[PDB]
Number of protein chains: 4
Amino acid sequence: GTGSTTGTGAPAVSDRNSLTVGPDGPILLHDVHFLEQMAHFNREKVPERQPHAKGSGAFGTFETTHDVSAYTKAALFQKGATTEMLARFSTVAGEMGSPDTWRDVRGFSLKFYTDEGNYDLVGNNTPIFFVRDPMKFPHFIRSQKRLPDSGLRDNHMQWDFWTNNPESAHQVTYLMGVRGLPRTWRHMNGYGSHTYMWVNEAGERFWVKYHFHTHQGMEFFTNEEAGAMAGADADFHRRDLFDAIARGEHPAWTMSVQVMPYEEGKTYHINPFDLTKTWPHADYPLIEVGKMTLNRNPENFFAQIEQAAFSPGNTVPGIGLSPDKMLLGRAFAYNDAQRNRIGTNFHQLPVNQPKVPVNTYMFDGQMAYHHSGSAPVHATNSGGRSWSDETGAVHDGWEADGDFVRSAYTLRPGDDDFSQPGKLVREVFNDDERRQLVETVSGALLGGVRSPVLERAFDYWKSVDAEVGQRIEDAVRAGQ
Amino acid sequence: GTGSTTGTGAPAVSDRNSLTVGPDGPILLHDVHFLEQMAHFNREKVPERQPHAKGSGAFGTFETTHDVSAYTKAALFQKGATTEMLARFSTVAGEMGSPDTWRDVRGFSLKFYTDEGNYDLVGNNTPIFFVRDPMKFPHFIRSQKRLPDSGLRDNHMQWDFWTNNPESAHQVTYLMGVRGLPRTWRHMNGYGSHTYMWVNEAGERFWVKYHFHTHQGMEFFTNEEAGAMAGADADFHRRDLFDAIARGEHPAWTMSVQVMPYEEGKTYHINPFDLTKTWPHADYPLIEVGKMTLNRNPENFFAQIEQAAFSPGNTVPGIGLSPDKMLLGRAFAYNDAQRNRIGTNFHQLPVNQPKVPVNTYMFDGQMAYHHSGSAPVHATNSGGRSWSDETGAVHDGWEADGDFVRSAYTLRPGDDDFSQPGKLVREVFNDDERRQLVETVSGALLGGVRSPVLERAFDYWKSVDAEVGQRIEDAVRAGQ
Amino acid sequence: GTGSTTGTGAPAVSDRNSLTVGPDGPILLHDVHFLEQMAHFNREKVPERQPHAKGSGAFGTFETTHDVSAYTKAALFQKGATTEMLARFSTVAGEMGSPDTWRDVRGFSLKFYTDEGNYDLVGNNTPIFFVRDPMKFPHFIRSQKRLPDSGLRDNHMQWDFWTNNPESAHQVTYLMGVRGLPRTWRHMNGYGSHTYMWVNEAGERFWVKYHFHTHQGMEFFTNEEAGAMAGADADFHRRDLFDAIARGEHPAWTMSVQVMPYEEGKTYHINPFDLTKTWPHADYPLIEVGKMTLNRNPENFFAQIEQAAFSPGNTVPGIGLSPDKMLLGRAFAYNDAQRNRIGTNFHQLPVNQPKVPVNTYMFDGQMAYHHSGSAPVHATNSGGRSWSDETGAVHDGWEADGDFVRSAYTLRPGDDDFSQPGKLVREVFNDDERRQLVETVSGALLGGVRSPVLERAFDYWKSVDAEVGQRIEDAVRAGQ
Amino acid sequence: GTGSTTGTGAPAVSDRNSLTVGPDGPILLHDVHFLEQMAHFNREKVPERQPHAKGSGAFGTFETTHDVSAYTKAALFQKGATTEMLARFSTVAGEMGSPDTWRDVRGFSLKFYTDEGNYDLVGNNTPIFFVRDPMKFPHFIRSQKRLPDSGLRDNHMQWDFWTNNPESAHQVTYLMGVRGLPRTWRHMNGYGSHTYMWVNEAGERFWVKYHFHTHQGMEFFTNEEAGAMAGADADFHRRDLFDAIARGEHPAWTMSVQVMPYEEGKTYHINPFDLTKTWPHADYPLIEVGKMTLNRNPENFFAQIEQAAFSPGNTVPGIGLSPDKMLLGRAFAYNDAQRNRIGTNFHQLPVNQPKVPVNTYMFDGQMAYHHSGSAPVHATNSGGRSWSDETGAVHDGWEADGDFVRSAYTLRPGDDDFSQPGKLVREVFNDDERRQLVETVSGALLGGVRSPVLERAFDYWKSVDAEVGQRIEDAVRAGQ
Ligand code: HEM
Ligand code: HEM
C-alpha cells in the first residue's frame, strides 16, 4: 500500500495532491479519493445539543456503599454494586465554541451501564430550575439565546422573561449567587433537581431527591476572574477535567438522597413536585448511597462524548418519574432531539449501547449497523421471539383524576415564588455572598435592560429580599 | 425481564398496551417505550435508490480459473484467487414496490471483497447504454419515470427523449428485443458495458470489456407472460433467486474479458469508449477469467441488500477507468447519492466494510460507529500515523490534450447511431425475434405516443432497419 | 442566455454535454453545472410514507348543506360554509411503485383549508380497524410488509398476527369481503372510523362518527380482475381519478355523521371508543352534513401530493379527539413521521400552509423559508407579540380517573371480537358475497400459511360464522 | 383566537401550560400543541459551516464607477451598474459560539444579485492562503481544530502541519503579523486571493486579482487587547457591524483589480496561479472598479445570514475560474457542503434566490417549495420548455495537456516558499510590527509546542528571515 487507504481499503495514492492533467493542469472529476475525503470533511459537523451544546466528560464508576434496599430494588443501588458510568458536564446557553466560564447553570449528566439496562440521571449543578411547566421551556431557552435580528445575546430579553415568570426567582437567585461561576466541574455539586420515584421489592413507593456532593470542595470564580478566563482559555473546564484525570487526580462525589414516603407527598406543606422548590434538610435529611468517581478520559471526544445520548426517560426497575410536569415533558424531548441530532439509530452507537442483551422491536432505519437477522418482526409471533405483555398497574406509576386542563399547580400552604430564595439570600448567604450578589445583578441589569423591564426587575429583587433589592436598585441608579 | 426490552436494555413491560390513566383512560406522554417504538417505526423507511430502486441479491464467491496476469496485476484476478462477493440485481425505472417483470434494463452489480480493498463492478444485463454523456443521464432517467402533474409513466415522454437522442438506438433495440424480459436473474447475462483499464505488473495498460455468461442459460418471458406475472407475483425475480439458493441450486456465471492493447484504442475504427458501441467478437475474442457463484442468501434484506453501496469509482490496483465520459460521471455520482440515501458514514456499515485494514483520513460525521481513537487527524503529522504521498503519473491514468469544451466525441470511420442495432436486428435476431420486436415496439408506440413524436419514432426504426421499421409503422397504423 | 440556467440564474451553457479537456477528453471537476444537476438528481427521491406510500389525490371543495350547529360550532360545518380541500387516496401496505389494485384498506385523507385553520380528517374506506391499542400498530404494519430475510410479503406472517389478535376479526372480514377491492377511488366510501368529539357554541359535547357516501356508487373488482389489472396497469386508480377530473367528471361524496350525546358514551352497551366496533344505524341514524366534490387535479404531483402532510391531531375549534386510544396515538405519530419524511419545516410548504394568519412560536430549523423577522422569540414578552394563555378545562376535553396501567379496555355487555363480523357475514352479505368471501379467504390461506397458524385461522373464521368457517376450511383442504 | 396559533393556524390555547389530567396531573400524549412546539424547538439547530462557522453580515450595494469593459463583459462590472449584495464576515477555525477576536483569517464573502445571475466572490482578509492543493485543505483545517481525544485546540498540532508544509510560510507570516487581529470587520481589507479569469465581449481573456480596500482605514487589536475582548464580548465584531449600520455609519470598500493578459500567465516569473503568491504591485498596478457599501442589517439573522450559501463556482458570463488547483477544488466543495448543512433545495431559500428568472432542470427533493408545474422534466423535449446546447470551447475556459498525475506545480524562476514572506517581514513591516511578530510567534510556540516540532519551527522562521527567526528562538528559550 501507499501509507493510507480510501474507505474501501484500496490504496489512497496521495493525501497531498489531487489528480490533474499534467502538474499544472486542472483537477479531474474522477479523483474518487479527493471526492470521498472532501465530501466526508464537508459532513464532519453535526447539529450541537440544544441546550447544553458546550460540554465534556469522562468515564468512571459508581459504587453503592450503603443499604437503601428499604427504598429501591434498583440493581445499581444495591449495597456493594459497582457500575461503569459516563458523565458529561456542560453549560446551558452558549454554543459549542462558547467559553466554559460564562455565568450559567451547569449540566451534570450521568449514564450508568447497569445490569438491568442503561440508567440516565440527567442533572444540573442546582437543585431547582426556572419554570414549572415544560411548555415554557422553549420560551425560556430562546430568551437565553440570541436576538432574532442581530444574533446577539441580550440581558433585556432575559430579564423580560424572568420578571414575567416570577416562579423563576429561586433559580435566578441561586444562579446570580456564587454558584453561577464554578471554578471547575470537579468543584461543583450535582443534583437530580426533580423528585423521582423509588420502588422497593415489596412495591412500596418513595419520592426521592438526588444530591451529589463534591469531594474536592466547592470553589468559584468571581465575575472578574471568570471574564478574564473566558478570554485566556475558552476551554478551561474541559482542560481542567481532562488534565486532572490524565495525572491520576480522579474526582469523586458522594451521592445521597432525600426520601419521602409516597403518602407524605399528598400532604407535605410544600409542593414536592414543584421544580422551583427544595425540600428543607430538617424535614428530609440526606441519606448516603454511594460514591461516584471519574477515572478515565475519552479516547475519542466526538464518538464518545459528542454522540452520547442521555434521557431522563431511561429509567430502570426500581426507579420511576413523578408528578413534576417538567420531568414528564423531558421524558419525550430528549430522544426526539437525538433522532435528529445523531440519527434514527443513535441507540446503536457504542457509547449508547447497554451492557445487557437487547430484544427490542425496532427495525431498519438509516444507518442500521445492527439487525436481528431473520428473527420475527412482530410481537405475538409463532416464530420463537419473545415479547412483553404485562397487564394492569405498572410498579412505578401513580394515579390521576380530573378534567383535561391547562393550569398551574394547586398551591399548598407553604408555596409561593419568593420565600425559598428569600431564605437563601438572608439565611444561607453570608455578607460576602450578598455583596457579590448585588454586584452581579446590578451588572446584569446595567447591561442593556430597558424600561419597563428594568423597573419590574427592581420589584422582583425586592420581592426576594427588601434590603438586597434596594441595594441592587441603588447600584443600578448609581451606574446610570 | 418481561420478554423484551427498550433500546437501553431495560424491560419493555408491554409490546401490546400503552400507558393510560385507568384501562379506559388517555395515553400519557411519559410512555417512553411507546414513544421510542413508534418514533423508530416512523423512521424505518429510507430513500430508495435512484435509479435501480427495486432489486435483491445474494452473497457468493468469485474464483479466477485462468491466467490473465499478462494483462492485470489485480489481486482478485490472479489465477487461483478466491474472493467473497455480493451481487445485487435490479430493474432501472420502477420504485421499490414495482413488479419485477416489467420490460427494463436489469442491473448486475457486484462487490468483491478483495485482499487489496473492495472492488465494485457495477454492470447491467446489456453491453451498451442509451446515452454517451453523463449530463444527459438525469434527463434520460426522468423521461423513464412519471409525468410531473399526473404521476403516471408515459410512453410519449420516453419516445420523445429516445427519438431526440438517436445515440439511444442500439440499446433501445436490445431492450425492445427478447432480452428486455429476462425470465429470472439466473437466466440473464451481465456486462460491464464500459471499457475499463487493466494494468499489469510492468505497468502496461489494456482496455477491457467484462462479460458474464449465465451457466443456467438465457430464458425470457413474452410480453403477455411478463404482464401476467406482474399481476400474479410482483416479486417473482426476488423470490426465484432466494428460493433457488435456499434449495441449493446455486447460480453461476463465467466471467470473460475482451482485451485491447492501450495503443490500439487510438486507432480502432469504432470508438472503443463510446458506451453505445460493442466491440465485434471477431476483432476481440472473449478470454475466460473465472467463475462467479451465488451461494448464500442475506440474513437481513434491509441491512445487507438495501444498505449495500456500490460505486464504479471503487477500483483496486491493476484496474482503472477509461475515457468513456459516462464512466467518469459515474465515478462521482454513486458516493454522492449514498451520502444522502444511507448517510455520511455509509462506508462503516458491515456490508460496505472491506476485509482489509482501513487507514483513511475521514473523521466524525453523523452516526460515527468506528473512530481512530487518539490517532493524528492530519497527514504530515509527527504522531506516528502514516499517509500516502505518491507523486507523478498514476499507474491507471491516461492523457489528455485540448481546450475546455462541451462537445460530442470525435466520430471515427466506423461510428454512427444505427449500424450496430441494424446488425443486431438483421443478423443476430432470427425471424421469431424480429416478429416479437415488431409486436413489442408497435405495442409501446400504441400506448399513447402522439404526433410529432410518433412519426419521428417511425423514422427511427426505419433507420435501424428499413423492413422492420415499415412493419412497425404498419402494425401501429393497423392498431389505430 | 443559452436556453436554461443553473440554480443561481446564470446560463447553463449545456444540458447535454459535460466540460472536458478536448472533445474526447476527461471531465473536469469544476463543471459546476454538471455537479449541481447530478447532485440534485441524486436527491430527488425522499422517504415514502409508512404506511400508505402508494397514493394520489386532487383538490376540491366541501359545502355544508345542512344545519348541524346544534352539535358543532366548527366554522367549516356551519350551514352554507364552503371550504377548499385536498384529498389523498392510498393503499396501506405496498411501497410507492406497488400496484393500485391489490387487496388492502384504502386511505381517504382530507385536508380542509378552513377559516379557523387547517382541519385534517384522515380516514379510511372502512369504519373500523384491526387493533385497539396503538402499541400494536407497528407490529401489525410490519406483519403486512416483508419478511426480514427474503424481502417477500408473507401470508403466514399476516395470519399469524391476525389470529393472535382476534380483535382484528371485524376488519379482516370487511377487508376479505368485496370492499377489499374497490374498482376506483371514486366508487368507494370513506369513514373517519374513530369516534371524534363535536362541541357546540354552548360547550355541549357530542361523540360523532363521520361517513362519506360516494355519489358514483360502490363498485368492485373480483380477485381475478384485480390481479389482471395489477399486471396491465399498476397505476389504474391514480389514472382513473386524474382522467375523470380532467374530462370534467368530478367525483362527489355526501358527508353524514352519527351523533351520540356525551353522557350516552358512558352507558351505551357497545364501547363507543373501540375502533373495532361500528355503531348500529338503528341506534344512531346518519345525519346529513354536506357535499365533498373533487374538481381540480394537482399541477405538480410531487410538490402537492407527495409532500402533503395530514394529521388527525390537526383539529379546529368545535372538534376534538376521543377516548379511542388509537386516535390518541395517531395524534403523536403523524407529525413525528413528517419531520423525518419531509423536514423540520414541512408546515411551511405551500400545500401544508393554512389560508389564515399564523402566529406560532416556531423558529429556525433546516430549510426555513418563512421567518418572523425581528419579532420577539418568546411568549410573555414586552415586545408586542401576542401569545396564548387560556387556563382551566379545554372545550374539547373529557376526564379520566385511575392508576397508571397497561390494560385492555373494560368490556361492556355488547362487546366481543366476533359478533359484529358475524352480522356482517350472515345479515349484510348476500350469497354471492359469501361465496366470494370463501374464495378470497381460502385463496389467502392456501398462499403459504403453515401449521399451527393455519388451524388457528380455521378456528378464527368459525368464530366469525360456523358455516362460512367450515366452507373455508373445506376449500383449503380441497386445495391442498 | 387565543393570541397565537399552531402551525395549522388553529388557536394554540396556551403557550404556557401543557394539557394534563387535572391541575396536578400528568401530561397527555395528545397535547398536539406541546408536541409541535417542543419537536420544532428540538430541531432549531442546524450544522454550522465548516470552516467559517462564526460570522455575521449585512446587505448593501455595489456600484461600478470606472470602465473595465476592456477586460470583462460581466454585467455587474459595466460602468454605472448598481447591484444589490450580501456580505458575510467570519473567522475560520472557531465554532459558532467562539469569540470574534481570536487570531485567525477572516472571511470576506460576497454575493451579488446581478442581472445575469448571482455572482459569489468568496474572499478572505488576506491575498494568499496556506496551501496549494485542495487535497491538503481538510488536513489543514483539522490541524486548526481540536485534538481527537481531549477536544482542545493545540498549538503543537498547528505547527506540526505548518512546519511540514512550508508553502504555508507566506500566509502564516501575514496571520502572525498585525492583520491577524482586525479591530472590526469595517477596518480590514478583503481579497479574492485566487487568480480569476475575466473575459471581454470579444472573447479575450485576462487573469485578475480582486482587492477590496476599506474606506474606514485598517485598525488592529494587540494580542492583549484581543484576549481581553474575547472575555468581555465574544460577539464584538458582530455587534460592531450591526450597531454601525443601525446608526447610519455605513462601511464601504473600494474594489480594484490587478489585470494580467492571458498570454503573460504562461511566462511570468512567479506562478500566477499559486495561492501562496501575491503579484507585485509594481508589475501589476491596481485598477479601480467600484464601491461596495453595506447599508442594511438583516431582519432575521438565521434565515438570511445563517442560511446564506456562497460558492466560488457561482460565476456569471465574463468571469471564470483559473488554473489555481485550490480554486477548482472549491468549485466542488461549497455546494456539496450546503446540500448537507442547509438541504437539497437550499437554492430555493429567499436569500439564495437570484433576481432573474430560473429555468433549471432540478426537480423534487426534500422540502421543495417551488416547482415547475406540469412543465417537461427533460431537455430535448417536444413540450415547449427550452434547454441549453452550446457546443465547443467555452468562453471562460483555458487548455491542458499531459498525463494524469498527482504532482506539485512546476516551479518558475521566481518561485519558492520563503521569499515573499521575507519581503513582508523585512520591507513591508516596520520595527513595531517586527516586534509584535516576535512576541506573537514566540507566544504561540510557548503554548505547548514540543520537540521535534519546536526546533522545526525555529528553522521555519529563520528561513523567513534570519534575524527575526533568531529573535523568536531567543524569546522562546527565554520563556522556557
Ligand atoms: C421541561 C424541561 C426541559 C426540557 C424540555 C429539556 C430538553 C432538553 C433537550 C432536548 C436536551 C438536548 C438533548 C440531546 O440533544 O441529546 C437537553 C439537554 C440537557 N438537559 Fe434538559 N430539558 C429540560 C429541563 C432540564 C432540567 C430540569 C435539567 C436538570 C435537572 C436538564 C438537564 C440537561 C442536561 C444536563 C443536558 C445535557 C445532557 C448531555 O450532556 O447530553 N434539563 N434538555
Ligand atoms: C452517467 C451515467 C450514470 C449515472 C450518473 C448513474 C448513477 C447512478 C446512481 C446515482 C445510482 C444509485 C446509487 C445508490 O444510491 O447507491 C445508480 C445505480 C446503479 N447503476 Fe448507475 N448510473 C449511470 C449509468 C449506469 C450504467 C452505464 C450502468 C451499467 C453498466 C449502471 C448500473 C447501475 C446499477 C446496476 C445500479 C444499482 C446498483 C445497486 O444495486 O445498488 N448505471 N446509478
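Residues numbered from 1 in each chain as written, not as in the entry; some residues may be left out. Chains lettered and ligands numbered in written order. Heavy atoms only, no water.

By the naming in the PDB entry, chain A is Catalase, taken from Agrobacterium radiobacter. Listed in UniProt under the heading Sequence similarities (unreviewed entry), the comment for chain A reads: "Belongs to the catalase family." According to UniProt, the comment filed for chain A under the heading Cofactor (unreviewed entry) is "heme". (UniProt positions renumbered as here; feature names shortened; annotations may be inferred.)

**Student:** Give a detailed account of the coordination of the iron atom of ligand 1, specifying residues and quantitative values.
**Tutor:** Geometrically, a metal with four donors at the corners of a regular tetrahedron has ideal angles of 109.5 degrees, and one with six donors at the corners of a regular octahedron has ideal angles of 90 or 180 degrees. On the protein, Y334 of chain A (OH) is the one donor atom to the iron atom of ligand 1, at 1.9 Å. Topologically, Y334 of chain A is positioned in helix α9 (residues 325-341). (Donors = N, O, S within 2.8 Å, 3.2 Å for Na, K, Ca; no water. Helix = DSSP H or I, 4+ residues; strand = E, 2+ residues; numbered from the N terminus.)

**Student:** If you had to explain the interface of chain A and chain B to someone new, which residues and values would you point to?
**Tutor:** With 91 residues of chain A at the contact, the number on the chain B side is 91 residues. Buried area between chain A and chain B, summed over both chains or domains, comes out near 7800 Å², and the portion from carbon and sulfur atoms is 58%. Between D389 of chain A and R16 of chain B there is a salt bridge, with the nearest N and O atoms lying 3.0 Å from each other. The interface formed by chain A and chain B includes 44 residue pairs in polar contact. Within the residue set of the side of chain A that touches chain B, elements represented by two or more residues are α1 (32-41), β5 (117-124), α8 (301-306), α9 and β13 (399-406) of chain A. (Contact = heavy atoms within 4.5 Å. Buried area = accessible area lost by both parts, 1.4 Å probe. Salt bridge = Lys/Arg side-chain N within 4 Å of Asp/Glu carboxyl O. Polar contact = N/O pair within 3.5 Å; in protein donor to acceptor, adjacent residues only side chain to side chain.)

**Student:** I'd like to hear about helix α1 (residues 32-41) of chain C, residue by residue, with values.
**Tutor:** In terms of burial, α1 of chain C is largely enclosed, as 10 of its 10 residues are buried. Every buried residue of α1 of chain C is accounted for by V32, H33, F34, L35, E36, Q37, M38, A39, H40 and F41 of chain C. Taken together, the buried residues of α1 of chain C touch α2 (137-143) and α9 (325-341) of chain B together with α9 (325-341) of chain D. (Buried < 20%, exposed > 50% of the residue type's maximum accessible area, 1.4 Å probe, protein only.)

**Student:** Give a detailed account of the side chain of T20 of chain A, specifying residues and quantitative values.
**Tutor:** Residue placement: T20 of chain A occurs in strand β1 (residues 20-21). With a relative accessible area of 0%, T20 of chain A lands in the buried category. Looking at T20 of chain A, its side chain comes within polar contact range of the main-chain oxygen of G22 of chain A, at 2.8 Å. The contact partners of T20 of chain A, leaving out residues within four places of it in the chain, are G25, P26, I27 and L28 of chain A together with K325, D403, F404 and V405 of chain D.

**Student:** If you had to explain the domain arrangement of chain A to someone new, which residues and values would you point to?
**Tutor:** You can read the domains of chain A as domain 1 (7-44), domain 2 (55-342) and domain 3 (419-479). The gap between the C-alpha centroids of domain 1 of chain A and domain 3 of chain A is 60 Å. (Domains from an automatic or database assignment.)

**Student:** Explain the relation of the copies chain C and chain B to me, using residue names and the numbers behind them.
**Tutor:** Taken as rigid bodies, chain C and chain B are interconverted by a rotation of 180 degrees and an axial shift of 0.0 Å, the fit giving an RMSD of 0.0 Å. The operation mapping one copy onto its partner corresponds to a two-fold rotation axis. Here 100% of the contact residues of chain C are again contact residues in chain B; the copies associate through an equivalent surface. (Least-squares fit on C-alpha atoms.)

**Student:** Help me get a handle on the site of ligand 2, residues and values and all.
**Tutor:** The immediate surroundings of ligand 2 are formed by 28 residues, with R49, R88, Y334, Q338 and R341 of chain B found nearest. Near ligand 2, residues from chains B and C are present, making the site a shared one. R49 of chain B places a side-chain nitrogen or oxygen 2.8 Å from an oxygen atom of ligand 2. Taken together, the elements giving at least two residues each to the shell around ligand 2 come down to β4 (107-114), β5 (117-124) and α9 of chain B. Tallying contributions element by element places α9 of chain B first for the shell around ligand 2, with 7 residues. Its residues assigned to classes, the shell around ligand 2 comprises 13 nonpolar, 11 polar and 4 charged. (Near = heavy atom within 4 Å. Nonpolar A, V, L, I, M, F, W, Y, C, P; charged D, E, K, R; others polar.)

**Student:** Tell me about the packing of α1 of chain A against α9 of chain B, and please be specific about residues and values.
**Tutor:** Relative placement of two packed helices is described by the angle separating their axes and the distance separating the axes. Contact geometry of α1 of chain A with α9 of chain B gives a least axis separation of 10 Å together with a crossing angle of 20 degrees. With respect to each other, α1 of chain A and α9 of chain B are oriented roughly parallel. Read as a crossing pair, α1 of chain A and α9 of chain B show a hand that is right-handed. Side by side, α1 of chain A and α9 of chain B meet where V32, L35, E36 and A39 of chain A of the first sit next to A331, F332, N335 and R339 of chain B of the second. Its residues assigned to classes, the contact of α1 of chain A with α9 of chain B shows 5 nonpolar, 1 polar and 2 charged. (Axes fitted to C-alpha atoms, helices over the stretch in contact; angles between N-to-C directions. Parallel < 35°, antiparallel > 145°, perpendicular 65-115°, else oblique. Left-handed = near helix turned anticlockwise from the far one by under 90°.)

**Student:** Kindly report on the environment of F62 of chain D, identifying the contributing residues and their values.
**Tutor:** Residues and elements named next belong to chain D. Tracing the sequence through the fold places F62 in strand β2 (residues 55-64). Separated by 190 residues in sequence, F62 and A252 place their C-alpha atoms 9.6 Å apart. Among residues more than four places away in sequence, those in contact with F62 are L76, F77, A81, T82, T83, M85, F112, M255, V289, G290, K291 and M292.

**Student:** An account of the site of ligand 1 is needed here, citing residue identities and associated values.
**Tutor:** The full set close to ligand 1 counts 28 residues, and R49, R88, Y334, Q338 and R341 of chain A are the nearest of them. Around ligand 1, the nearby residues trace back to chains A and D. Within the side chain of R49 of chain A, a nitrogen or oxygen atom sits 2.8 Å from an oxygen atom of ligand 1. Between ligand 1 and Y334 of chain A, the relevant distance is 2.7 Å, taken from a nitrogen atom to a side-chain nitrogen or oxygen of the residue. Where the shell around ligand 1 is concerned, the elements lending two or more residues are β4 (107-114), β5 and α9 of chain A. No other element matches α9 of chain A, which puts 7 residues into the shell around ligand 1. Broken down by class, the residue content of the shell around ligand 1 amounts to 13 nonpolar, 11 polar and 4 charged.

**Student:** Kindly report on the packing of aromatic side chains, identifying the contributing residues and their values.
**Tutor:** Counting across every chain of the model gives 144 aromatic pairs over all chains. Ring centres of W398 of chain A and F404 of chain C lie 4.7 Å apart, and the angle between their planes is 55 degrees; this geometry places the pair in the tilted category. Of this pair, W398 of chain A sits in the loop between β12 (392-393) and β13 while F404 of chain C sits in strand β13 (residues 399-406), which puts the two residues in different chains. Measuring from ring centre to ring centre gives 6.2 Å for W207 of chain B and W398 of chain B, while their planes differ by 75 degrees; the resulting arrangement is edge-to-face. Of this pair, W207 of chain B sits in strand β8 (residues 205-214) while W398 of chain B is found in the loop between β12 (392-393) and β13 (399-406), placing the two residues 191 residues apart along the sequence. In terms of burial, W207 of chain B and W398 of chain B fall into one category: buried. Linked through ring pairs, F41 of chain A together with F129, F130, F137, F140, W159, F161, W162, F418, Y460 and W461 of chain D together constitute an aromatic cluster. Above the ring of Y361 of chain B, the side-chain terminus of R385 of chain B is found at 4.4 Å from the ring centroid. (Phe/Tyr/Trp six-rings, centres within 6.5 Å; stacked < 30°, edge-to-face > 60°. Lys NZ or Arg CZ within 6 Å of the ring centre and 35° of its normal.)

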